[PDB]
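Asker: Fold the following for me, if possible:
(7 chains)
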Amino acid sequence: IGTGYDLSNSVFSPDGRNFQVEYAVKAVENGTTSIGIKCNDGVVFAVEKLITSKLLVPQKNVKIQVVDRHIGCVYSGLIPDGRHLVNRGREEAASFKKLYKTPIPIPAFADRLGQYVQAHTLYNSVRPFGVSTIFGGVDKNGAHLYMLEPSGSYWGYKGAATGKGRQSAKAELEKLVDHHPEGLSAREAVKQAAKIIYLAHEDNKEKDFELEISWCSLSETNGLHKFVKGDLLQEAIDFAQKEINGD
Amino acid sequence: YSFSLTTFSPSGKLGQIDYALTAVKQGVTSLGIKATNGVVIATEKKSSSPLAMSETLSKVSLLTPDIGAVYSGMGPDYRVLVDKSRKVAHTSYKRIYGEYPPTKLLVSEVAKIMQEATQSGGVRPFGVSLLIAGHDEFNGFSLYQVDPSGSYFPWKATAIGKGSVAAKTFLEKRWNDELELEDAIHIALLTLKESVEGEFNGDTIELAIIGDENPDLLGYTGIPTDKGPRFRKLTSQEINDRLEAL
Amino acid sequence: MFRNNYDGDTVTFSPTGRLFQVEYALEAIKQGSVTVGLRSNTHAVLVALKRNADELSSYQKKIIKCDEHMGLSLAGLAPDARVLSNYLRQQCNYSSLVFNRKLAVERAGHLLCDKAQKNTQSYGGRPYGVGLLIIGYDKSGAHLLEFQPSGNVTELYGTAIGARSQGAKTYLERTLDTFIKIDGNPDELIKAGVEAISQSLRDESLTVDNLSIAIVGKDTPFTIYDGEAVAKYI
Amino acid sequence: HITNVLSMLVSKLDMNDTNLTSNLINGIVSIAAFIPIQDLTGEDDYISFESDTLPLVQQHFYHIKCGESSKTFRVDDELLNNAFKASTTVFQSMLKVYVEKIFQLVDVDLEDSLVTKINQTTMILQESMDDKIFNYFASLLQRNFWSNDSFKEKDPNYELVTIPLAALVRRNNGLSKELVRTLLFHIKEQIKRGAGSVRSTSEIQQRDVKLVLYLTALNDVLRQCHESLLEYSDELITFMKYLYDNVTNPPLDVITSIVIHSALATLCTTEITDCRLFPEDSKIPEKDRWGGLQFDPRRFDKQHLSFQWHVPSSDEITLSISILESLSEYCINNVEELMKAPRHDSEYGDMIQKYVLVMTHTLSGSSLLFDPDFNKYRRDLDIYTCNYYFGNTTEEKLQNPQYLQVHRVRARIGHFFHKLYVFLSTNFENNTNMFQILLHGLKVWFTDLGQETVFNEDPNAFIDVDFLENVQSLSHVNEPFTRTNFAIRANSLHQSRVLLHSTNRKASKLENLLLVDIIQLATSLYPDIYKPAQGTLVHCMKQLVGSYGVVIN
Amino acid sequence: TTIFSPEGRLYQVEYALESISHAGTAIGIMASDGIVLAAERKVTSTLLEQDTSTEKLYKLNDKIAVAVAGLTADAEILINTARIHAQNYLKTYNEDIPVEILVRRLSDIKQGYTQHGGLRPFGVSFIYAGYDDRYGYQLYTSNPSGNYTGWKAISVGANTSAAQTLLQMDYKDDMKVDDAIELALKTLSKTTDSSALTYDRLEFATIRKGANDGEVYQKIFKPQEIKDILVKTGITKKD
Amino acid sequence: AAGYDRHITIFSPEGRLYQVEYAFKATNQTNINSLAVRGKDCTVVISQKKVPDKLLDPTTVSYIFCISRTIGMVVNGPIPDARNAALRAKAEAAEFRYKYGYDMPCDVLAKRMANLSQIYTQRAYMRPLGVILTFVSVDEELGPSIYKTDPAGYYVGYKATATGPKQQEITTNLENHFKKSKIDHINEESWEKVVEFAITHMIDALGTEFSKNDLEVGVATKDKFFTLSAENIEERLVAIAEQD
Amino acid sequence: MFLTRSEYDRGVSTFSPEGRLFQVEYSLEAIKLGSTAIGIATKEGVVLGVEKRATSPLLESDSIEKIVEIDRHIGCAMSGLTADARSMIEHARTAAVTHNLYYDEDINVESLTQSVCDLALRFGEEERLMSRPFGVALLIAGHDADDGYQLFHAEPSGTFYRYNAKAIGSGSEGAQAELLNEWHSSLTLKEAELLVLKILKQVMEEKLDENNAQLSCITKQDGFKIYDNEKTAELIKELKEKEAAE
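Answerer: Residues are numbered from 1 along each chain as shown, chains lettered A, B, ... in the order given. Here you go, the structure:
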């Protein structure tokens, strides 16, 4: 005669699902659009950053976070929850590096990151993280790209998209992986990432934006995660513009 | 801070424990009988699938070499009480007196564990009733029932679970003060033959006795002082041989 | 007539992913008097209007110091603005003792976010009811952070917080190039803030007692002005 | 606006929120009870819901939500009638989603009140359909039934699919032959796969759930076959024997024996076939009938209210007596061959229980053929004229040899329950469940003369008169009802006369022998025999004059 | 949940007092030279082991006994705490525990379970009995509230009111232990819900002095001894 | 909604912990069927692999976990709850091997994990995990073995246990094979025939053929539990296709 | 009358849609229900005064002293006395002495006021936050070398203002209006005494006398002193002739 199952976190609804983890993904569905593209030797991250006033300081308000050194991280939804899950990831990788004297495997950073998020789905004394993360890097097995939910679910991907523009972004990511079955290059992924992001901004045409991009390629950046700027950024902006102005 | 569970209902009843006796009343029946020279405890094994190997699901359990237990109710609640009951026998009594506790001292300690679960915030009472049966040099043979309340009772015979009222009526009708252990085994096998949900044979039925000492089962010779286990769990072949005498 | 089921606890999510208690914690910022924060390349400034409850009553404190290189203003909850400012001063001292730097103000932002997000995630408390403008100067230049109590922050050239602040905010936004260049003449960066805050006074007036000014850039450390110190700035 | 709201309500039905689902189902059945689920479009090839209705709905809603009154809103009667006619073209996709939601509710942990309400809305929808929309829904309710993924949990809501299939068969007798034939093929397959061949008591096993589905679907469909049963009667009797030979699990015996009840019951029961909102696809009210005539004077018209009834045929009673005497002889002879060489085996008891259970469900259903006053023969003004088959006069009843044949069988089953009571009290006097089955057999044998008292109140494939009276009643307004409600009120009237017909009588020596066994069992030392037997004793005292004197003696 | 009713009264204590008002009757009587305890036991079970050594009546040390109305599971927690306190006093002072010190000790624990909201109170009423040199033969009662009182004769549990009236008219200050045997048996036979009193329905005990000047002796009667005081008293369910 | 009865692990008037019954519906959230069987000297686990999105890496989708050298499990339920329970089972085996100086039996790990589930099934502030755990090994004491554990904390041995939303068809076909063959294991001397037998049963039960990337396999012999790659699965699918 | 209830009323540790904490706000409304207390700060002394309710003759005065010494240079007026008022005052006493023995000098009145407000933020004795109220309104008056004669209204919220003059208890509106219409930075101590008596007269309903009114002042030279009934009487006589002199 009532639905009190959605008010609290350690509770299954009649169907056997945590409704607070189902409402925490709604906080992600409101978020900034962001993607990660996985290459034949690396991972590219790209984000459309909405500039709600000119006062927003330039090149110091940043949506791409560098977890450890060989891994990158872009998140969508409640911004405070991504910051908290970004600081814990940095602790996780720093612990593994002091103890094992090697960089953490990306599959292992993902598991430690996916056990911390599931622990907040256990107890009514806490709420789920209202953020989804895309993270990935180069290790001794090469290129890994992961996406992680409010639920604690995570899988590896060829390309991953989150936030408001995710529909249009996923459909373009499917075109990429279909045209480039073997995979796309490092320079082909940055150009195509800019195209996907501009095409996702067609949902919000009046809300002006900045594009922010980052590398992590074994050949272009020696396997370290690094920012994409200058001429390679302008060459990506011009590809995005000439294909969206498709006349 | 408005914190407790199992508070009093206005008619002078504890409520949550009453709901815990409805979980016990839904379990596969178990029963116990005391004889002149031994005791019997018995139950049925209900398979979740016929692919399950019910040599793994023991329901009748050794607490000390002269004390046995069986349950009705929630089996998970019974695996956790049995291992605390075993730890209690060793730590409270064997390691102070160099001999195992009686079947009245171990029943009190099991009941004290179930009482503490009624008088708590944070915890539900147990969903099990336990029959504990045994022998001691000065009390002799004994059988007791313990309920979710932490109330314990000495019984001549008893039953708990679905078939328990028809079992308790058969136990009243058949019990007499001169039974022997082979007689009590026959009465217990007859009582489970009425309560059985599934097939009746030596594989579906659990049956244990506390009887004479068995010096074979001590597994080492040279010390007559040590008489050897009174508690013996009937083999599936013995149960099928007695089920041929039925 | 329009009851909300999902705003009782800080830990509940709305069916649309909102944390209503946290959005209500932002509406507490609109309960304070206006404060304005702005920066050039070399200075950051705070100017704050202070209320009283009666003409006999001493005006409320609005600017707080954490260290020689940074401090804050508070348009929201005063007794809860003492919790965050205590923790920020504790962290400035921890940096000088445990790391021998001084706490760069971006790092100060990350620590306030962490503390506020903890309140936002656990049962048996409330969101912070206060918004902070933090101003500072360090090796990376003149800096201004708007902390919002949902556990978030942003780097900004200027902003206004408190009741009727859309006026002052729109004046900074119409007069931005004016204040971002100013640098070595800090008194015009103060007059830029005093014009901005004057737009939120609806025929209320600045007075020697009603207004407080604070500035922190280059060598000149974090300092506060009151009484005749703010008379030359009326 | 209404068919737009109907599809919005149906698509919003929920498996988690049982309270929202209850309030959506109130709206769906209230829409269904007043509206014909019919396409009104006049072969107007220009009409569409997306091109006429939904534009005007958006304009009216936007006008109303701006702040204007609906009195300011102007539109042509041409656009309004096109938008209304277009509103009626949307019904077949609403029913596709409805059946799909019904199959998702089969697995939910629902309350009995909401399961019953869901059956009421599903049947009120069916009675509101024209033959076009209903044929689509009937072919939609049977395709999903065979091709489901929807019976997974420990204890499924079989009623939510099987009461709808039986309501299809109530409206159209022609559907039954292929549905019953296909069910019994799927039953035979599950018995060959080993369903019902592992013993359990008090629970249906998860290996048996599909067999229970097809058997409960068979029970419900058979209860609505009426005269369509004549066609495949021989096949069903030879299948019933097979079902009693091949499954021996105690929980399945109650279900497999209820097949005979439902088969016999259809043949001799008098009841409403037609509850339709508008009849026949062929009555005089103009297509301007979107409210169910509720506030018109012609709601009461005899040509609107020309109901059609199952009144039993001579061919159906001759089949009923033939099924009865065949399945009772079968069970008597089978238990009598176990009365030689008893065993204490768990099988031996479950076999005895099966045939005794089968002999209780041959007395149910054929219950409408028995007659309380038979023992007086070897005035009487009955004001309530419950519809009997052999006639209301003594003169008529005894001048038909089928009346004597029916009574002969009742007596011969009753004498078998005494022959069984001496067997069970001498060999098995501890064995409670076969005494509980015997006491249920004796309860039915004492109570169900000329009326059905078990299976009277449990959910079935007729619409509920209290539910449709709660939907259509309005204070100080006289009979604000539609044809469906007038139909089930005429069904309730005959049903009352049958249940108001007095069964009080004087014993014939067989009732005394069996009442003395009930008094013995009421005095028995086992709670599980005495508590049932005392309840049976209360009921058997109501049936007999002076019975309290015999009990206290 | 240990909150007051608006009259300044505790709902949980009242509900625990409703529970003990069903819980079988117990009588205690203080003669000039000993104390008698008796309790009536609802044996509706044939297979329950009568000739079990205790249910209603218990020893707390060598000169103190109790009768229980209420939950036996609750009573046994308090009884062990009292036994531990009696021996811890004897260990400290080399002397047997005074009855007032122990009766009120169990009255202080039972009050605590009524104040904190995480604890339900104890559903038990105790009729204590004993001897010490400070007073002599003492009879006390204690109930779920943590109230305790001194008596010359008292009943607890079911049928308290009928029993108090029967005690009041026959009790004399100068009576002997054998007169208190008779009185407690008469009272229970004049109060019982069961048709007549018998040795298994009855728990009995005494706190006499015996023949030897240093003795005080607590015979908790075995069933055969109870059959003798039954046939001597004229209750006499005898062949 | 009946108040706290439905939202915490406490008894209904009936005696039902709604926190446990609802956690058994969570295990079917994957829409995955898994199958396990014992051979003569091995035990095998076959699991349906769902990768609908083109964008996933199938090398990161896995419901099979290596618990130690000799023991492994399949999980039915959400992957966050399957990775939590796998990490416990890894830690419990490691601490047993240290304390008792021998390798943790499958029976002991299933009991230890089932005792942990009884906590969440009694403590009101603890919820039962939404997973079923299906442990397999070749124990030196019980040879090939299968042990299954569930949200209520009830565990029992098995010779062919299986968990999934279509598990009843697989189980009913397994019961009919064990009924005709009458041995309690499949009599193949090498694990390749056991896995092929386990892919013949899941094809026949689920009404669909499988590609090498639409199937999973596990191979528990003495001294090793290990997972097959898609080409080792395709060798078995090729041998099934060579036979029929 | 017409009802005006919201859904945000009665919320504990919760913000309304405006951010309003309604437990601490409804606690701040109790400054109209107490007995009247008034403070007047000046360059010469802080004059504190309270209306006495007439007592039973059996209740001895020291039981209900609503002007109190915290230390020789600090005192509280309360509009109402509770156990929490004595808790605030005895925390203030213990805080003032613990300051003097740790820092070798007398406590600043601002810092004492903040320390009693920190007690209120803790809710007595987890992050100390301003969610629920504690105790009652204090007028804290005192004198220190750094910030001179100071009158603080310490509220149940753990916040305060310094006032030049403040009234609390049932004269608040009419008193504060006459105080703000009349106060000078030129008030002498004598005129502060006649001013507090003129304000008291006007609220009290009764004829003002040395048995219904109480006076005190903090002076730096004399310390804190509660005034003698004979001294308030000669002051009240002086008020009579000052208005008769018009």
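Asker: can we go C-alpha only for contacts and neighbour counts from here?
Answerer: Will do.
Asker: Name the SS class of the spatially closest residue to residue A:145 that is not a sequence neighbour, please.
Answerer: Closest residue to residue A:145 apart from its sequence neighbours, by C-alpha to C-alpha, 6 or more residues apart in numbering or on different chains: residue A:136 at 4.1 Å. Assigned with DSSP: H, G, I helix; E, B strand; the rest coil, residue A:136 falls in the strand class.
Asker: State the next helix or strand along the chain beyond the helix of greatest length in chain G.
Answerer: Counting by DSSP state H, the longest helix found in chain G is helix G:83-103. Tracing the chain C-terminally past helix G:83-103 and defining elements by DSSP states H and E, one meets helix G:109-121 next.
Asker: Pull the contacting residues for the residue of chain E found nearest chain G.
Answerer: Minimum separation of chain E from chain G (C-alpha to the nearest C-alpha) falls at residue E:116, amounting to 19.3 Å. Residues near residue E:116 by C-alpha atoms under 8 Å, 6 or more residues apart in numbering or on different chains: residue E:2.
Asker: measure it to chain F for me?
Answerer: Computed as C-alpha to the nearest C-alpha, to the nearest Å, the residue E:116 to chain F distance reads 20 Å.
Asker: Any idea how many residues pack against residue D:442?
Answerer: 25 (other C-alpha atoms under 10 Å in any protein chain shown).
Asker: hang on, the earlier thing: also compute the angle for the longest helix of chain G relative to helix G:109-121, please.
Answerer: Helix G:83-103 runs at 130 degrees relative to helix G:109-121, counting by axes from the mean of the first three to the mean of the last three C-alpha atoms, to 10 degrees.
Asker: What lies in contact with helix G:83-103?
Answerer: Contacts for helix G:83-103 (C-alpha under 8 Å, 6+ apart): G:70-71, G:76, G:78, G:105-107, G:112, G:115-116, G:119, G:134-136.
Asker: With neighbour count and distance to chain A as extra columns, can I get the residues you listed in TSV?
Answerer: Below are these laid out as TSV (neighbours: other C-alpha atoms under 10 Å in any protein chain shown; distance: C-alpha to the nearest C-alpha, whole Å):
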residue	neighbour count	distance to chain A
G:70	24	42
G:71	18	45
G:76	27	42
G:78	28	40
G:105	11	46
G:106	19	45
G:107	22	42
G:112	21	37
G:115	18	32
G:116	25	32
G:119	19	27
G:134	21	26
G:135	22	30
G:136	25	33
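Asker: Quickly find the element holding the residue nearest to residue D:226 when sequence neighbours are not counted.
Answerer: Nearest residue to residue D:226, sequence neighbours excluded (C-alpha to C-alpha, 6+ apart): residue D:266, at 4.8 Å. Under the criterion of DSSP H and E, residue D:266 resides in helix D:250-268.
Asker: all strands in chain D, in order from the N-terminus.
Answerer: All strands of chain D, identified by DSSP state E, fall at D:271-272, D:309-310.
Asker: Out of these, which is closest to residue C:185?
Answerer: strand D:271-272 (98.1 Å; C-alpha to C-alpha).
Asker: which strands and helices sit next to that closest one?
Answerer: On a contact count with 3 or more C-alpha pairs under 8 Å, 6 or more residues apart in numbering or on different chains; DSSP states H and E, strand D:271-272 meets strand D:309-310, helix D:483-499.
Asker: Hmm, residue C:55 is touching residue G:181, no?
Answerer: No. Assessed by C-alpha atoms under 8 Å, residue C:55 is found out of contact with residue G:181, at 10.0 Å.
Asker: how much space is there between residue G:189 and residue G:163?
Answerer: 17 Å (C-alpha to C-alpha, to the nearest Å).
Asker: So those two - more neighbours on which side?
Answerer: Neighbour count, other C-alpha under 10 Å: between residue G:189 and residue G:163, residue G:163 has more, with 23 against 19.
Asker: Give the phi and psi angles for the nearest residue to that one once chain neighbours are set aside, as a check.
Answerer: Distances taken as C-alpha to C-alpha, 6+ apart put residue C:57 closest to residue G:163, at 4.5 Å, once the chain neighbours are dropped. Note on residue C:57: backbone dihedrals following degrees, to the nearest 10 are phi -100, psi 130.
Asker: which SS class is the residue positioned nearest the centre of chain G?
Answerer: With distances taken as C-alpha atoms, centre = their mean, residue G:139 lies nearest the centre of chain G, 2.2 Å away. Under three-state DSSP, the three-state class of residue G:139 is strand.
Asker: contacting residues for it?
Answerer: Here residue G:139 is in contact with G:38, G:39, G:76, G:77, G:78, G:151, G:152, G:153, G:154, G:166 (criterion: C-alpha under 8 Å, 6+ apart).
Asker: do that again at 10 Å, thanks
Answerer: G:37-39, G:48, G:67, G:75-79, G:113, G:150-155, G:160, G:162-163, G:165-168 (C-alpha atoms under 10 Å, 6 or more residues apart in numbering or on different chains).
Asker: In contact with the residue nearest to residue F:96 when sequence neighbours are not counted, which residues are there?
Answerer: What sits nearest to residue F:96 in space, not counting adjacent residues and going by C-alpha to C-alpha, 6+ apart, is residue F:104, at 5.9 Å. By C-alpha under 10 Å, 6+ apart, the contact list for residue F:104 reads F:68, F:70, F:71, F:92, F:93, F:94, F:95, F:96, F:97, F:98, F:139.
Asker: And the residue of chain C closest to chain E?
Answerer: Closest point on chain C to chain E, by C-alpha to the nearest C-alpha, is residue C:124, at 18.8 Å.
Asker: Give the burial count for that residue, as a bare number.
Answerer: The burial count for residue C:124: 13, using other C-alpha under 10 Å.
Asker: Surely residue B:124 touches residue F:5?
Answerer: No. Taking contacts as C-alpha atoms under 10 Å, residue B:124 lies outside contact range of residue F:5: 11.2 Å.
Asker: Between these two, point out the one with more neighbours.
Answerer: A side-by-side neighbour count of residue B:124 and residue F:5, using other C-alpha under 10 Å, places residue B:124 first with 23 against 17.
Asker: show me the contacts for that one.
Answerer: Residue B:124 neighbours (C-alpha under 10 Å, 6+ apart): B:5-6, B:16-17, B:20, B:117-118, B:148, F:9-11, F:121-124.
Asker: What about the closest residue to chain F within chain B, how many residues nearby?
Answerer: Scanning chain B for the residue nearest chain F gives residue B:52, at 4.4 Å (criterion: C-alpha to the nearest C-alpha). Using other C-alpha under 10 Å, residue B:52 has 20 other residues around it.
Asker: ditto for residue D:431
Answerer: Going by other C-alpha under 10 Å, the residues that sit close to residue D:431 add up to 20.
Asker: How far away from the center of its chain is stretch A:120-133?
Answerer: Centre-to-centre, stretch A:120-133 and its host chain are 18 Å apart (C-alpha atoms, centre = their mean, to the nearest Å).
Asker: Check stretch B:226-235 too.
Answerer: 16 Å.
Asker: for stretch G:150-162, same thing?
Answerer: With C-alpha atoms, centre = their mean, you get 9 Å for stretch G:150-162.
Asker: If you count neighbours, what's buried in the longest helix anywhere in chain F?
Answerer: Longest helix in chain F by number of residues (criterion: DSSP H): helix F:79-100. Within helix F:79-100, the residues that count as buried by 16 or more other C-alpha atoms under 10 Å in any protein chain shown are F:79-86, F:89-90, F:92-93, F:96.
Asker: nearest to chain G, of those residues?
Answerer: residue F:84 (29.3 Å).
Asker: mind checking how far the closest one is from residue D:495?
Answerer: 61 Å.
Asker: For chain D, which residue gets nearest to chain F?
Answerer: residue D:207 (6.4 Å).
Asker: Chain neighbours aside, what residue packs nearest to the most centrally placed residue in chain C?
Answerer: Centroid-nearest residue in chain C, with C-alpha atoms, centre = their mean: residue C:133, separated by 2.1 Å. Leaving aside its chain neighbours, residue C:133 sits nearest to residue C:146 (4.7 Å; criterion: C-alpha to C-alpha, 6+ apart).
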